[PDB]
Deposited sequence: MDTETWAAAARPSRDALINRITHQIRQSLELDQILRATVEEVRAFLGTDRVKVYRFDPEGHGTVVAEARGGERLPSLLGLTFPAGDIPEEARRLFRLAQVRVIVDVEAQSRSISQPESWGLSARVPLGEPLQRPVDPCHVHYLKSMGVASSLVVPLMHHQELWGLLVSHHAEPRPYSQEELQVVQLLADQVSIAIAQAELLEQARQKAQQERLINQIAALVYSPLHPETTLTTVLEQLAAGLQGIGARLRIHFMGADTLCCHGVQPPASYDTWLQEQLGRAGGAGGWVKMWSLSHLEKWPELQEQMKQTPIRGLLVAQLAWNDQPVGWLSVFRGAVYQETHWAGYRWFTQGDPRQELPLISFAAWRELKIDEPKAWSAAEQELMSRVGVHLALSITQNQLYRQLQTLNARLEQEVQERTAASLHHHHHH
């Protein structure tokens, strides 16, 4: 009926863009408009299971904004994620009655008291959670909260489920486009670095920009390059730098020959407590290192540095972070917990980024070896 026309229009709106942010904003807005509820949100999960409120629509100021909030994976037990990975919608109509209805696509159960206390503390009277699948995994959740009690029609449930399936498809296609674009940008960065590597300009001028653009494309707070080959011993830096002893460290752990690419977090430097502490006194929390050695002989070292991942977000820009709404008590505690897990942990680099590091390192090693052999034959 008019239901199918509504689903058609909303699906057109969700699928209009291949940009993930536009997809999720259209999703939350359209679903909140359909349901008339106070707050509709999308929670996205990371590989470790931690959740981030990545999109949000509100009908007014009755419920506070949670956009940008992050919470530890443990806030949703694996027992709940099991049901969600088996495609399962969960509605709590009354928080005071503590009822929990569970429905499948295509009658009342109890609910854990801790989650009831959580929803009460946020001033949430009614909750509807629909899972968002990506291939076989649980990409995230579509969440509708309301400050007064309200039931949910079965046709409302099926409309939200069908919209969730369209959201899943849009997520997959946006991912296809994003992977293509990232592959393009990575190859472009490799070639742009090679453009400056063999350039006849002053090495200190070109290589500093090389390190700067390398740090840029790998979202690193800094970059460093130490060449120690034949008669050439040089050190170029950009951005945040480690203590100089780091260089000597890389020379004494060469057996961990040839060329390689390695990742390290601050935690991985537990063996060397003095270097670990010096590194701590630095914003550096992650290191991507490439031993420049295209030939069998070691040539140098190329490093990119990332900070702690928590610092990568302007948490003070959010309303929930600074303003003392009591309903933000338990969410903020959750955030605190998450902050305790990622206060010294960096964002890891992908396998594609490590391969990029390896390729840039091969270019660097070959270039330096060629130049030094040409200067030694003189």
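Compare what was deposited with what's modelled and send me the C-alpha-less stretches, numbered from 1. Sequence ranges with no C-alpha atoms are 1-11, 118-130, 281-283, 406-429.
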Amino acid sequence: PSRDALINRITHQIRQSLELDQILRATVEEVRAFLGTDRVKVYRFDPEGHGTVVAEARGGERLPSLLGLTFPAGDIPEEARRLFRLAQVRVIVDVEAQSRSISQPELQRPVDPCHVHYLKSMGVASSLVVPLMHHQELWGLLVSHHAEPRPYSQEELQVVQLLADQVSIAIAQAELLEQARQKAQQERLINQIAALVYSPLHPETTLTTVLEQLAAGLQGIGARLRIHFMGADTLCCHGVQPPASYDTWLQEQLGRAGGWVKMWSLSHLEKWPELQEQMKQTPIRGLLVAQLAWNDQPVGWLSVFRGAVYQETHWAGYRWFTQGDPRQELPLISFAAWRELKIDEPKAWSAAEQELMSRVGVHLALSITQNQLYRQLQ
From here on, numbers count along this sequence of modelled residues.
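Determine, for stretches 11-19 and 354-362, which one has the higher mean CA B-factor as deposited. Stretch with the greater average CA B-factor: 354-362.
Read off the CA B-factors in the entry, average them over 190-198 and over 237-245, and name the higher stretch. Higher mean C-alpha B-factor in the PDB entry: 190-198.
Between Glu156, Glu175, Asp75, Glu274, which carries the biggest CA temperature factor in the record? That would be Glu274, according to the entry.
Highest Cα temperature factor in the entry, among the options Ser99, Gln161, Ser127, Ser121: which one is it? Spelled out: the listed residue with the top C-alpha B-factor is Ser99.
Where the record places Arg285 (Cα B-factor, split into thirds across the chain): It falls in the bottom third of the chain.
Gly36 - Cα temperature factor, lowest/middle/highest third of chain: CA B-factor rank for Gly36: lowest third.
Modelled-residue ranking by C-alpha temperature factor, third containing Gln185: According to the entry, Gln185 has a C-alpha B-factor in the chain's middle third.
Ordered by C-alpha B-factor within the chain, which third holds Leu141? Give me lowest, middle or highest, please. As the PDB entry reports it, the C-alpha B-factor of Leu141 lands in the lowest third of its chain.
Chain-wide C-alpha B factor ranking for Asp165, given as lowest, middle or highest third: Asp165: CA B-factor falls in the lowest third of its chain.
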